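Participant: Read top to bottom, the protein sequences are chains B and V.
With the authors' numbering applied, the first sequence covers 303 to 356.
With the authors' numbering applied, the second sequence covers 7 to 73.
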Amino acid sequence: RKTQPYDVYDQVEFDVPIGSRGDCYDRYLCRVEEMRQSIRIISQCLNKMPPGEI
Amino acid sequence: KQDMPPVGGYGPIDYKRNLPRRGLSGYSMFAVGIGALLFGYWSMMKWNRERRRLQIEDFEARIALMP
């Protein structure tokens, strides 16, 4: 998502959670932490929508 | 010309993570526990000792009869 583009998707800012060790409990904690970071990409998306065509 | 986004009115909501409320820890506990437990045994020796006194009275009525 930030080594290739999709869309106008470069114009948002967020960080990509990493794990320390290599087990299930620290690939669990990505999924809890990505849900907090998805609220940031929604709240950054309401401010930016240009009116226009579809 | 009827399209969505407002001119203003926003938050946002946080991305944060916090509820570390302490909590009565760290030598406060292990001190209310022992202070409660020693009140228990102090409430013993006033009943278990006293029941042994009435115990001997219960044997007393036996021995004053049976000739």
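Here a beta-carbon is modelled for each residue, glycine too, at the ideal position from N, C-alpha and C.
Looking only at C-alpha atoms, which of B:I343, B:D309, B:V318 sits nearest to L331 of chain B?
Facilitator: Working through the first sequence from its first residue, we reach residue 331 of chain B at position 29. Looking at the Cα atoms, B:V318 is the closest of the given residues.
Participant: Do you know offhand how far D312 of chain B's Cα is from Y327 of chain B's?
Facilitator: In the first sequence, residue 312 of chain B corresponds to position 10, counting from 1. In the first sequence, residue 327 of chain B corresponds to position 25, counting from 1. Straight-line Cα distance between these residues: approximately 31 Å.
Participant: So, using beta-carbon positions, are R342 of chain B and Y16 of chain V closer together than 7 Å?
Facilitator: What you label residue 342 of chain B is simply residue 40 of the first sequence in a count that begins at 1. What you label residue 16 of chain V is simply residue 10 of the second sequence in a count that begins at 1. Not in contact: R342 of chain B and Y16 of chain V (Cβ atoms no closer than 7 Å).
Participant: Mind pulling the chain B residues with CB within less than 9 Å of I40 of chain V?
Facilitator: Here residue 40 of chain V refers to the residue found at position 34 when the second sequence is read from its first residue. Within chain B, no residue comes near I40 of chain V; the closest Cβ sits about 36 Å away, beyond 9 Å.
Participant: Quick one, which residues of the region 313 to 328 of chain B are near chain V if we go by CB-CB under 7 Å, in chain order?
Facilitator: none
Participant: Closest Cβ-Cβ distance between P18 of chain V and chain B: below 7 Å?
Facilitator: The residue given as residue 18 of chain V occupies position 12 in the second sequence. So, interface residue.
Participant: Does any residue of chain V have a CB that is nearer than 7 Å to the CB of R333 of chain B?
Facilitator: Here the question's residue 333 of chain B lines up with position 31 in the first sequence. It does not; no Cβ of chain V falls within 7 Å.
Participant: Check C332 of chain B in the structure and name its three-state DSSP category.
Facilitator: As a first step, residue 332 of chain B is located in the first sequence; it is residue number 30 there, counting from the start. Three-state DSSP puts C332 of chain B in a helix.
Participant: Alpha carbon to alpha carbon, what distance is there between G29 of chain V and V314 of chain B?
Facilitator: The residue labelled residue 314 of chain B in the question sits at position 12 within the first sequence. The residue labelled residue 29 of chain V in the question sits at position 23 within the second sequence. Approximately 40 Å between the Cα atoms of the pair.
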